[PDB]
């Protein structure tokens, strides 16, 4: 009837190959009696441990290999007494055996507070075992695994539970063969989720503008009056979010920017920005989306004209006409230095070409500058033709 012992591992249960570990047993304040045993397959290493260390409930592994991996339990038995019942199991896992899997959140790593997310673990080669581990700084790994609903033998799915902004969520996943289930692959790269709050949304801008050509460089900018000191940028479809270096807030005024280039087709997409305060780990509601479009992606060239003319006095009816010989689903009109979104119109087939008329109505001095139009096809959505030659509007 002796209190059962406790079995734990310094520094942890999930260790990389080669790294040290020490399995530790503790039962009451007494000693001089300890025993450790693997389940199913005896572990000989245990026999080779000094009797001075066993008495202290210490079973160290200088360099861990798959030969040490397995489930351990512990127990202590005196002379006159019989012995204590076996400790709760300790699953000693050895990582780095195989090529790392791929971890991703479906549909996005951006989760609303209280929401759930699917985390997908993917492997090149087939595996009948996958395990997902939660990581924390102050915390030790917390794994969970799946062989049932671990589909196609090359992918496993896990439904992360209620996400709270009460902690930083870090995840890695592992792949393994069930003929050695304590010998895991190399870990997948860390996955961090962005948990959301309802906090004032920031504003997302781009310099020089949203329509950008290949080999150019852009600067994505975030800002608030809400006094955020941290900013995050996230492009739809991406595995990860980008955490930009946040400035120090003035009159709540803060701005963070990211300068990327060369631009490629890959840059094209819908982007959102999020702010947070130094204390909070509950991000803001997203900025309105920003679509970055990639110029010069089609064989087709476009033309931009005006009806009346390039020079016209205030109040007159002015209409800009964008047109192409090749089929285009939509036409896009932009002005040099225009914080507003480009004007997108469905195409029309007139005079043996495809066009779109952008009516301005009566002219002001705001209604004057440098216009360029673009061709688009929905098949390639964040793509554009080269710009039309610039058209200059000069008002009297």
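Numbering follows the first chain given and starts at 1.
Of the two stretches 245-253 and 70-78, which shows the higher Cα B-factor on average in the entry? The recorded data point to 245-253.
Per the entry, where is the mean C-alpha temperature factor higher: 229-237 or 163-171? Averaged over C-alpha atoms, the B-factors run higher in 163-171.
Residue selected from 328, 356, 49, 333 by maximal Cα B factor: Of the options given, 49 has the highest CA B-factor in the PDB entry.
Highest Cα B-factor in the PDB entry belongs to which of 150, 260, 191, 294? The record points to 150.
Going by what the PDB entry lists, where does residue 200 fall on CA B-factor within its chain: lowest, middle or highest third? As the PDB entry reports it, the C-alpha B-factor of residue 200 lands in the middle third of its chain.
Split the chain's modelled residues into thirds by Cα B-factor; is residue 268 in the lowest, middle or highest one? For residue 268, whose C-alpha B-factor we compare with every modelled residue in the chain, the answer is the lowest third.
So where's residue 346 on the chain's Cα temperature factor ranking, which third? Within its chain, residue 346 is a middle-third residue by C-alpha B-factor, going by the deposited values.
For residue 91, return the chain-relative third of its C-alpha B-factor as stated in the PDB record: lowest, middle or highest. According to the entry, residue 91 has a C-alpha B-factor in the chain's lowest third.
Ranked by Cα temperature factor within the chain, is residue 140 in the lowest third, the middle third or the highest third? Within its chain, residue 140 is a highest-third residue by C-alpha B-factor, going by the deposited values.
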